[PDB]
Structure formats: C-alpha cells, structure tokens
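Encoded as structure tokens, the structure appears first; notes follow it.
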Amino acid sequence: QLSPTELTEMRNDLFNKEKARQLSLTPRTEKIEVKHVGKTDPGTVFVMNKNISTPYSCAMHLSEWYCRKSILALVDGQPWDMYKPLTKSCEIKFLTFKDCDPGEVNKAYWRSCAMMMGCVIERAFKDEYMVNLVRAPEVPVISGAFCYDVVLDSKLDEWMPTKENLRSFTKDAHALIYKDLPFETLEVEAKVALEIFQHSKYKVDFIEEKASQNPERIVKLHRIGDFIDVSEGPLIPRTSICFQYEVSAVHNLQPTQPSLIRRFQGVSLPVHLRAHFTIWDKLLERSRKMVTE
Amino acid sequence: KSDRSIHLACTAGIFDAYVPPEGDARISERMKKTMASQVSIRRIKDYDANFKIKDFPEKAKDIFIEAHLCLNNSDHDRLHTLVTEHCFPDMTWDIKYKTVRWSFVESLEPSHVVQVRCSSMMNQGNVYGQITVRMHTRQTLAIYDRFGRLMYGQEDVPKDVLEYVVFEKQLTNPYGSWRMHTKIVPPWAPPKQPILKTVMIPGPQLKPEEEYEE
Amino acid sequence: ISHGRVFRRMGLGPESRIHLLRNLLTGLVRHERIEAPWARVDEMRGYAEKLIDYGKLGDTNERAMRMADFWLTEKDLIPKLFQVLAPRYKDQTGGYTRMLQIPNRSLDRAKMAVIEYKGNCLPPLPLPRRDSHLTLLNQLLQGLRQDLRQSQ
Amino acid sequence: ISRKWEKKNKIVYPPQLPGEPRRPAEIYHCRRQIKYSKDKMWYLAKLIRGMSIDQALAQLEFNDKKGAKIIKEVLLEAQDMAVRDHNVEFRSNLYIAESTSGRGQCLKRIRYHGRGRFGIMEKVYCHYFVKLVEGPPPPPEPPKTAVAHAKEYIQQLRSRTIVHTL
Amino acid sequence: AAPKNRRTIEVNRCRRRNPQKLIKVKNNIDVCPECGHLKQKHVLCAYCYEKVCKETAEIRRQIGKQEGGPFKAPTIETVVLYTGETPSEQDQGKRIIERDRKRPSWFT
Ligand SMILES: [Mg+2]
Ligand SMILES: [Mg+2]
Ligand SMILES: [Zn+2]
C-alpha cells in the first residue's frame with residue numbers, strides 16, 4: 001500500500017512523463033492553419049504551432065473578450081477544450097455560456113464541477129478511513145445537480161454527514177476556486193491510463209469502458225493541480241469560471257450489498273450566469289433532492 | 001534642365017535571367033546558352049583583359065562571406081564596397097533594429113559560374129556585366145529581436161543552402177569592382193524554415209453596410 | 001421644488017415645447033422611425049400614442065379631425081393616421097410606439113433615442129433580446145418549474 | 001522642442017543568454033500638437049493607466065471626450081506597431097505602463113474685453129505619451145491588512161533605541 | 001473679490017486629483033453577439049444601428065423616388081421587396097418599394 005501522498009506524486013509523475021513524451025513526439029516547430037468561421041471576426045486565419053498552440057492562443061490573438069468569455073471550442077465540429085493543443089489544420093468556433101444552444105458548454109461545466117467535487121471528497125476525509133471514487137455520471141443539467149459516486153470505508157457505513165461537514169466540503173471547493181487552477185487535459189493510451197489508475201478497480205473498469213468505445217483506446221485524463229481523473233468529455237478552462245458552488249446532499253444508493261456507493265450531489269453557477277440569493281437558495285433545495293440517472 | 005545627372009553605379013534588374021533548372025538540387029540548347037556567355041565574356045575582357053572566369057568563383061565566395069559578415073557587425077561602409085546599391089536596402093532594411101548572427105560552416109560542392117550576360121552600350125554610356133554563380137554551402141543563422149529574443153533560426157545548427165547569386169560590375173567605370181547585385185531564388189525552391197511565433201492573418205474589416213460574402 | 005411636475009420645461013416656453021413636440025410627431029408620422037434627443041423623445045412618445053387613439057376614434061369624429069389638424073402640419077399625414085396607421089393598430093389596445101436608446105450624438109454628446117411606431121416597413125432595429133431558454137440558469141429554473149408542476 | 005520619446009523605440013538590446021527571463025517588449029508611441037488641454041488629457045491618461053489594451057480601448061470607446069477619441073487612435077496605432085515591428089506575438093498581451101500628457105507649443109491671441117481692455121488667450125496644444133509593455137496587466141497593489149499595520153507598529157516599538165546616552 | 005494669495009501646486013494637486021474629479025471606470029460594456037463590436041448593455045449597438053440606418057436610408061431614398069414630390073404620403077401600406085422576390089398574396093394592395101440588392105439576412 002502506497003500512502004495517499006505517494007499515490008499523488010506517482011500519478012503526477014506519470015502524467016508529466018506522458019505529456020513530455022508527446023511534446024518530444026513533436027520536436028521541430030510545425031505550422032498549422034486554423035480558420036475562424038465564427039460569426040464575429042469572420043474568416044480569420046490563425047497560423048499556429050502544431051500540438052503546442054491552443055484555442056486560447058487563437059483567442060489571445062483575437063482579444064481579451066474572447067479569452068474571458070470563451071468556455072469551449074468547436075474544432076471541426078467537435079467540442080475542444082480551450083487548453084488542449086491543436087493537432088491539425090482545422091476550423092475553430094469559440095463557444096460561450098450565453099449562445100443560442102449552450103448545451104455542450106453546460107455539459108462541460110457540469111463535468112468540471114463534478115470533477116472538483118471529487119477532488120474535495122478525495123482530500124476531505126481523515127487518513128484512517130478509505131475513500132474510493134467510482135464515476136461521475138452524466139446527469140442532465142435539467143435534473144438539478146452534478147453527482148459523484150464515492151465508496152467510503154466500512155467503518156463509516158452508518159455515517160451521514162452533518163450540515164457542518166457539507167459546508168466544509170463547500171469551503172474546500174471554494175478554496176479550489178480561489179486557487180484558480182487550469183483544467184489540464186491529456187489524451188492518453190489505455191495502457192498508460194491503466195498504469196496511472198492501477199490501484200483503483202472502479203477506475204480500471206471505467207477506463208476499460210471508454211477504451212472499448214474508442215477504436216485506438218485513447219482516453220481523456222484531466223488534472224486540476226494534483227488531482228487526476230478520467231473524463232467523459234471536454235472541460236471548462238479554469239476553476240475560477242465557478243462563482244456559486246455548493247455540495248448540497250449525500251445520498252446512499254439502493255443495493256447496499258456488496259458495497260455502499262454514496263452519491264455526493266452539488267450545484268454550481270458560473271460568474272457569467274450568477275443568480276440572486278433567493279433564486280440560488282431555491283436551486284440549492286432542488287439540488288438537495290436526489291438525482292436519478 | 002541641369003547638365004548634372006545622377007551617376008548610377010548599378011542597374012535595377014537582371015540581364016536575361018538564369019531560369020534555375022528543375023532537378024539541380026534533387027540530383028546530386030546548351031551551345032546557345034554557353035554561346036551568349038562566351039560572346040559576353042569577351043565583351044568583359046574587352047573592358048578589362050585580366051579577367052578569368054575560372055578565377056571568379058572563389059572571389060564570389062569571399063565577397064559573399066564578407067558581405068554577410070558585415071550584416072553581423074553592421075559595417076555598412078564595407079558592405080557598400082562588396083554589394084550593389086540595388087542589393088543594399090533588401091539586405092539591411094529588415095535587420096536595421098535586429099541582431100543577425102550568421103556564419104559560414106563549409107561548401108558542399110565548389111561554386112560554378114553558370115551564366116554571364118552583358119548589357120548594351122546605350123545605358124548612358126555605361127556598360128554593365130552580370131555573372132550568375134550557383135552556390136551550395138552550409139550556413140548558420142540566428143536573427144534576434146530588438147530586445148534580444150530569438151525570432152528565426154538556431155544558433156549553432158548548420159543547414160544546407162542553395163542560392164543563385166548574381167554579381168555585377170560596372171565595366172566603364174575606372175574603379176569598378178565585382179559586387180553582389182541580386183540572387184535568384186528558384187520557383188521550385190524548398191519551403192523555408194518555419195518562424196518561431198504564431199501569426200494572425202486578419203479577415204476583411206467590413207463597413208457596417210457591407211456583408212461578409214465568403 | 002418640482003414635486004409632481006410631470007412635464008419638461010422645454011424650448012422657449014410652453015407653446016415652444018408644444019411646437020417642438022409637434023414637429024417631432026409630424027416627423028414620426030411621416031417616416032415611422034426618427035431619432036432625436038432622449039428627453040424630447042419621451043415627452044413626444046406620450047403624444048404619439050394619444051394621436052393613434054384619436055385616429056382610432058376616426059375621420060368622421062370632428063374632435064379627432066381638429067386634433068389631427070393641429071398635430072399634423074403637413075396635412076397629407078392626416079389621411080395616413082386615419083386610413084393607414086390607425087387601422088394597423090385596431091387590434092392593439094395601447095402599445096403603439098417603441099423607444100430605445102441609441103449611442104450619443106457626436107457633436108454635443110447628447111443622450112440619444114430612436115422611436116418607431118410598431119408595424120413599420122423599415123429594417124428591424126437591433127432589439128435587446130433576453131437570454132435563451134437553453135442556458136444553464138434557465139435550464140435549472142425549468143427543472144425547478146417542472147418539479148413544482150409535478151409536486152403541486 | 002524635445003522629441004526623445006520617439007528615439008526610445010529604437011534601442012537594440014544585446015542578444016539574450018538562453019537561461020534568462022524572456023524580457024518583455026516595450027513600445028513607445030506618442031502624438032504631438034493635439035488641439036486639446038493637457039489638464040484634460042491628464043484625466044484621460046490617468047484613467048487608462050495600468051490597464052490592459054482591450055480594457056483601455058473599451059473605456060476610451062465609451063468615454064465622451066475628444067481626448068478619449070484621440071487616445072484611442074494612438075493606442076490602436078501603438079498596438080499595430082507592437083505586432084508589426086517589435087515582434088509581439090499576441091495583440092491582446094499588452095498593458096499601459098505609462099500614460100501622461102505634456103504641454104505643446106501654444107499660440108497667443110487677443111480677447112477683446114470691455115472698456116478699452118484686452119486679455120491674451122491661449123490656443124492650447126498638448127502631447128500624449130504612451131508606453132506599452134508585453135504581458136498581462138500587473139496585479140494591483142492589495143490594500144494594507146490589519147496584520148501588516150500591526151507588524152509595522154511592533155517593528156517600530158522594537159526599533160526604539162535609548163536616545164542621547166551611551 | 002480677488003485671491004489674497006497664490007494657490008500652490010500641492011493644494012492644486014489635492015483639488016485636481018481628488019477621486020471625485022477622476023473619470024469613473026465603466027462596467028456596463030459588453031460584446032455585441034451579432035457583430036462582436038463593443039456595446040453598452042443598455043444602448044443599441046452602434047455598428048448594428050448604423051447598418052440598419054443605412055439600409056433604411058436607401059429604402060427612404062427609393063420611397064421618395066416613387067412618391068415624387070412633397071405632400072404625397074400614401075393612404076395604403078408599404079412593403080420592401082428585394083431582387084428575386086414576388087409580392088405575396090398578403091402583400092397585395094401595398095405600395096411595393098423595390099431595392100436592387102439581396103434581402104439582408106437580418107431583415108425578415
Ligand atoms: Mg433650454
Ligand atoms: Mg471701443
Ligand atoms: Zn453589433
């Protein structure tokens with residue numbers, strides 16, 4: 001058994017080694033051409049560096065308004081992270097929170113907020129007890145909350161968190177928001193992913209599911225500081241794109257045997273779409289109600 | 001209507017350009033081509049009977065190396081003596097506020113005199129002779145910024161180069177010399193080394209009444 | 001003290017204020033969209049909607065005819081208030097004009113306004129549109145609305 | 001006159017060693033003999049001081065002064081020569097380091113007063129100077145905390161020496 | 001009443017650089033979604049407004065060409081038809097104003 005600190009630096013070391021391996025895979029500067037086909041600033045060519053430059057780099061070439069209001073990228077029709085390096089000549093279209101159809105931005109925001117909740121859960125409980133994370137399900141943003149399923153210790157099978165503990169979770173999440181960490185992204189081989197999450201069986205199963213879904217068995221790993229998690233899609237650029245955040249409730253799921261999978265639920269809203277206190281309180285209660293997938 | 005006119009010491013163009021041959025770099029009518037050349041070479045030796053075209057290529061390489069080394073120290077006086085007035089602005093204007101670090105490692109193959117042509121007499125009483133020389137050397141280049149930051153190239157790494165440098169001497173002038181006039185870059189030339197920064201090409205800035213028609 | 005003073009001290013006096021607003025109204029009836037200083041446009045907006053109400057009273061009403069004769073200086077617009085504009089708004093009860101703020105005038109930096117009679121034939125103004133129903137906040141509130149409709 | 005601000009955009013620095021910080025880009029621009037008062041240009045230039053280039057251009061685009069329009073033109077020109085001639089990569093990675101105004105060469109013109117009297121009027125001209133530096137706008141100096149005020153007080157209660165003795 | 005003493009540059013800097021005299025920073029600036037130019041969130045976009053105004057001015061120029069003279073407003077309604085558009089059955093008895101361009105995408 002590695003101590004949780006040693007597991008953290010191990011996973012960080014493997015992540016850094018793989019990222020440096022891709023940066024070594026492309027050593028000589030190569031120039032790609034990205035065509036801006038968004039409505040505003042129409043037909044604008046960016047001449048970018050291959051596997052180095054980002055949709056954020058194109059946004060910095062345009063203006064600070066693009067940098068601060070661009071949450072996702074549409075690279076050749078597919079949703080791209082803003083801090084994910086660009087691999088080919090393509091067409092780009094920056095996606096904001098207040099478009100006509102913000103659905104992919106909503107999904108990316110809900111996945112990012114779930115990831116942060118998972119980091120808080122992993123580093124909240126005391127050293128004696130055992131914390132494992134299964135998955136963050138894809139729950140519609142019309143349901144009321146983002147969710148993470150955590151298997152806790154058998155010493156704490158009878159335990160339910162108090163409101164003080166839930167607010168402590170919320171304070172840790174706000175500490176992450178204040179820390180303002182980029183959401184780093186890595187496309188990786190299933191072998192390297194399995195290596196990173198070797199000591200975690202639920203992560204093995206989920207990695208195998210995503211690797212089965214894609215032909216070359218490349219999965220998506222995101223890192224926020226020292227936490228690394230497997231994802232089911234792109235994420236928002238920074239933890240500071242959260243303004244209102246709350247870990248609302250913890251619900252114990254039906255089949256208690258063989259083990260207790262506990263659903264931690266939360267609700268969040270960005271800086272660009274922040275709500276008043278009355279409306280946010282009502283959203284808090286509706287997130288405290290249980291979400292079913 | 002003054003009797004004083006500008007005493008130009010060069011021309012503004014290339015006399016009967018050497019269309020570089022396709023395959024000259026990929027592979028490691030001739031009588032007329034080398035006929036025009038011999039006729040002209042004799043014209044040059046009419047104007048100075050101590051010229052050897054077997055002696056030019058080493059002189060051309062020396063002029064090349066010393067001119068481009070002036071670009072390193074900014075010795076514009078020596079440059080005006082080893083390069084023409086047509087070649088001075090398009091060698092200095094883009095480096096004015098930049099630091100150019102150039103070097104000559106070696107020569108892959110010896111230089112060849114590959115074309116010699118001469119102008120007519122009716123250029124103001126002045127007759128010019130223009131000689132094309134092929135070069136295939138190995139050079140280094142590192143162009144720095146106003147603030148000392150790298151823009152282009154690598155400091156130590158030598159890279160191969162093929163250039164068709166056209167030298168010119170004004171033959172009627174009593175103190176004329178062989179100086180670098182232009183150089184031909186082939187239309188089939190390999191693409192140059194990529195730059196070290198990202199570039200945004202702006203789209204059409206449209207007036208409000210205009211509509212973006214792709 | 002100017003408590004409960006609903007009108008503006010405009011122009012060279014009260015008649016001058018009425019004549020400035022009359023010329024603004026004549027321009028609005030002729031062109032169906034004009035731009036002017038913002039305060040003048042507000043003060044005129046009220047009169048623009050009462051003019052449509054008199055037009056809806058109609059051309060055989062002698063009071064309505066007299067009032068249109070006063071407020072329309074060009075006299076070709078009186079047939080137009082009664083046989084074009086008043087009919088366009090026979091279905092609406094009272095919301096006939098739209099007033100919006102347009103930048104600032106580039107001579108004296110005055111607050112400016114555009115006013116249009118709804119309907120129109122002109123290109124549409126770039127109206128302020130609320131946020132879409134598909135944004136994050138609106139989707140969360142619709143989830144709240146559906147759950148309330150279920151629970152009650 | 002003196003025109004030293006335009007020779008500042010011509011300092012060539014020695015090439016940098018490969019282990020040193022990158023050295024941000026500096027761009028000096030200025031407009032001379034503006035028909036405006038320096039005392040009103042001061043408020044416009046103190047408003048755009050320390051801002052990002054885009055934030056500055058927003059504030060100047062919606063400010064109501066003739067000087068705001070002139071300073072917008074000067075800022076846009078400076079951004080263009082930044083990424084045209086000084087090798088700035090992103091045109092949004094700039095901030096206003098310095099923004100001031102100077103007196104220009106003015107003209108004196110008589111202003112007929114009553115009686116038999118005259119006043120001399122000044123046709124005022126000004127200069128506007130701007131230095132752009134590559135980078136994000138630097139973080140503002142945070143306000144002093146009670147802990148920082150107390151630590152300063154205790155340093156002074158501990159720096160006290162016995163005066164005028166051995 | 002005249003100044004009894006000259007006012008110093010220190011007193012004058014306090015008066016002229018007091019925060020009340022400084023320009024306040026604005027926070028109502030937002031990007032227009034349709035053109036990307038900067039707008040104030042309570043005022044119509046300038047670029048879009050002058051686009052609309054220039055098309056309206058062309059339509060008003062053609063209206064006067066048809067009306068032909070002063071005091072000749074119509075008693076019927078009006079409709080703007082572009083190149084390649086026939087009058088609709090609803091746009092029957094309406095003065096048709098023809099314009100020699102494609103219908104702008106923002107005009108319906
Ligand atoms: Mg008045
Ligand atoms: Mg007199
Ligand atoms: Zn707009």
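Read the figures in this text as sums done on the coordinates, not as results from a lab. Note that each Cβ is placed from the backbone with ideal geometry, even for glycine, and that neighbours are counted across all protein chains shown.
Structure values in brief
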quantity: Residue list for segment D:65-93, restricted to those being facing another protein chain (nearest Cβ under 10 Å) and either within 13 Å of the chain's Cα centre (by Cα) or of a type outside the set (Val, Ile, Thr) (or both); calculated: D:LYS65, D:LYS66, D:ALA68, D:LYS69, D:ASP85, D:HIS86, D:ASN87, D:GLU89, D:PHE90, D:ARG91, D:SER92, D:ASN93
quantity: Qualifying residues in segment E:32-51 (those that are of a type in the set (D, E, K, R) and buried (at least 19 other Cβ atoms within 10 Å of the Cβ)) - the one nearest to ligand 3 (Cβ to nearest atom); calculated: E:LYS39
quantity: Whichever residue in segment E:79-108 is among the acidic types (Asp, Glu) and within 22 Å of E:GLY64 (Cβ to Cβ) and, among such residues, is nearest to the other protein chains (Cβ to nearest Cβ); calculated: E:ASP91
quantity: So A:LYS155, is it in a helix (DSSP H, G or I) and basic (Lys, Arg); calculated: yes
quantity: Unique residue being over 22 Å from A:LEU62 (Cβ atoms), charged (D, E, K, R) and not in a strand (DSSP E or B) when the list is D:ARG91, D:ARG109, D:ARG115, D:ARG84; calculated: D:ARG115
quantity: Qualifying positions in segment B:157-214 - more than 14 Å from chain E (Cβ to nearest Cβ), touching a helix residue (DSSP H, G or I) at 6+ places or on another chain (Cβ under 7 Å) and either of a type in the set (D, E, K, R) or farther than 25 Å from B:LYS45 by Cβ (or both); calculated: B:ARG179, B:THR198, B:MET200
quantity: Single match in D:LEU60, D:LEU44, D:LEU76 (criterion: more than 21 Å from D:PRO140 (Cα to Cα) and part of a helix (DSSP H, G or I)); calculated: D:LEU76
quantity: Residue in segment C:95-133 that is surrounded by the most Cβ atoms within 10 Å (Cβ to Cβ), counting only those that are on the phi > 0 side of the Ramachandran plot and touching an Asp or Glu at 6+ places or on another chain (Cβ under 6 Å); calculated: C:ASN120
quantity: Selection from segment C:76-107 of residues that are within 11 Å of another protein chain (Cβ to nearest Cβ) and of a type in the set (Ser, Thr, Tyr); calculated: C:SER106
quantity: Test: A:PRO79 is away from chain E (no Cβ under 14 Å), touching a helix residue (DSSP H, G or I) at 6+ places or on another chain (Cβ under 7 Å) and within 27 Å of A:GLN22 (Cα to Cα); calculated: yes
quantity: Selection status of A:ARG68, surrounded by 18 or more Cβ atoms within 10 Å (Cβ to Cβ), under 19 Å from the mean Cα position of the chain (by Cα) and within 21 Å of A:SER112 (Cβ to Cβ); calculated: no
quantity: Among the residues listed as C:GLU43, C:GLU62, the single one being charged (D, E, K, R) and surrounded by 15 or more Cβ atoms within 10 Å (Cβ to Cβ); calculated: C:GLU43
quantity: Candidate set from segment E:42-65 (those that are more than 15 Å from the chain's Cα centre (by Cα) and either basic (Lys, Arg) or within 18 Å of E:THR108 (Cβ to Cβ) (or both)); member that is farthest from ligand 1 (Cβ to nearest atom); calculated: E:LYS65
quantity: Cross-chain or 6+ apart pairs with Cβ under 9 Å, segment C:1-29 first and under 17 Å from C:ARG45 (Cα atoms) and within 14 Å of ligand 1 (Cβ to nearest atom), then assigned to a loop (DSSP other than H, G, I, E, B) and of a type in the set (D, E, K, R); calculated: C:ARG17/C:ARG8; C:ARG17/C:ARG9
quantity: Some residue of segment C:10-19 being small (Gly, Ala, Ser), closer than 21 Å to C:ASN120 by Cα and surrounded by fewer than 19 Cβ atoms within 10 Å (Cβ to Cβ); calculated: no
quantity: Cβ pairs under 7 Å, 6+ apart, first in segment C:108-126 and more than 9 Å from chain E (Cβ to nearest Cβ), second part of a loop (DSSP other than H, G, I, E, B) and among the aliphatic types (A, V, I, L, M); calculated: C:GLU116/C:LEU125
quantity: Selected residue (criterion: farthest from the other protein chains (Cβ to nearest Cβ)) from residues of segment A:242-293 that are aliphatic (A, V, I, L, M) and under 30 Å from A:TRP65 (Cα atoms); calculated: A:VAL271
quantity: Flag if A:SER53 is loosely packed, with under 15 Cβ neighbours inside 10 Å and either over 27 Å from the mean Cα position of the chain (by Cα) or of a type in the set (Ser, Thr, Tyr) (or both); calculated: no
quantity: Scope segment E:35-49; condition assigned to a loop (DSSP other than H, G, I, E, B) and more than 7 Å from every other protein chain (Cβ to nearest Cβ); matching residues; calculated: E:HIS37, E:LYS41
quantity: Lone qualifier among B:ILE65, B:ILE95 - being surrounded by fewer than 19 Cβ atoms within 10 Å (Cβ to Cβ), in a loop (DSSP other than H, G, I, E, B) and among the aliphatic types (A, V, I, L, M); calculated: B:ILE95
quantity: Qualifying residue in segment B:157-171 (condition: over 20 Å from the mean Cα position of the chain (by Cα) and under 26 Å from B:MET121 (Cβ atoms)); calculated: no
quantity: Test: residue in segment E:50-64 that is among the β-branched types (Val, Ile, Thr) and more than 7 Å from every other protein chain (Cβ to nearest Cβ); calculated: yes
quantity: Hits in segment A:273-293 (condition: assigned to a loop (DSSP other than H, G, I, E, B) and charged (D, E, K, R)); calculated: A:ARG274, A:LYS289, A:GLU293
quantity: Some residue of segment E:55-69 being assigned to a loop (DSSP other than H, G, I, E, B), more than 16 Å from ligand 3 (Cβ to nearest atom), over 21 Å from D:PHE62 (Cα atoms) and among the aliphatic types (A, V, I, L, M); calculated: no
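Yes/no matrix, rows are residues, columns are (1) outside any helix (DSSP H, G or I); (2) within 16 Å of ligand 3 (Cβ to nearest atom):
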residue: E:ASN5; (1), (2): yes, no
residue: E:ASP30; (1), (2): yes, yes
residue: E:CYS53; (1), (2): no, yes
residue: E:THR75; (1), (2): yes, no
